[PDB]
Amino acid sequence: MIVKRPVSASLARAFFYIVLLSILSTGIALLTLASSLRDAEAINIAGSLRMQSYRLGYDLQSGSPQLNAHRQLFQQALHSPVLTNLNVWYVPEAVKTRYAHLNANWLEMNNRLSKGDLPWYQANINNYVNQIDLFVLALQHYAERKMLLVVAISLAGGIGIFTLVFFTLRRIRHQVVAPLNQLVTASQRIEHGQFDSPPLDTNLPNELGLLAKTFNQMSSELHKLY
């Protein structure tokens, strides 16, 4: 008699899949959250561009001396680190393309502003800011996507951990714990000469199967010299 399916290997496998699942789900979730940390900041700055744009029209009409300073503030906001860090592989085409339209469009706006072309501004500002609005919408959706993905994985892993634990403990109980109790009871019984006790099930392919057999064999005999 050999042991065909050592317990050592079964557990290795079981606990490994519990682990791997834990690392995989935590790895993706944490990557996604790392990439999402500045989403709120991103949406705020991109939106501000809409206020800044209408503010520029207001400064034009009123002859404000802050026009040029407001014109630089817009430039600086548009090319702020958080928005330039959107040109990067894991960000979708829609966000990156809408962003590129806002840079082109600005070049025409800023220019027209330096020629103080107010009729132009009045005709174009609705369309101009709309384009900004769609950019911020795209960022809003992308933030929502990433967060949903995290909810999927949090909920998949926490379900998959509950599953794997359940079946692993279940298998341990039926193939190790229950049979060990039978062995112990049988050991305790023969030790006080109880001998008409039904023999152990030997059909486990692990160590408990081999011990059952040894036990039944050592016990059928030593019961009979007796």
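Numbering starts at 1 and follows the sequence shown.
- Of the two stretches examined, 168-176 and 47-55, the record assigns the greater average C-alpha temperature factor to 168-176.
- Of the two segments examined, 193-201 and 35-43, it is 193-201 that shows the higher average Cα temperature factor in the deposited entry.
- Per the deposited coordinates, the residue with the largest Cα temperature factor out of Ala123, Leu155, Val95, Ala104 is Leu155.
- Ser10 sits in the middle third of its chain by CA B factor, as recorded in the PDB entry.
- The deposited CA B-factor of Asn206 belongs to the lowest third of values across its chain.
- Per-chain ranking of the deposited C-alpha B factor places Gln140 in the lowest third.
- Per-chain ranking of the deposited C-alpha B factor places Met109 in the lowest third.
- Ranked against the other modelled residues of its chain, the C-alpha B-factor of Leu67 as given in the entry falls in the middle third.
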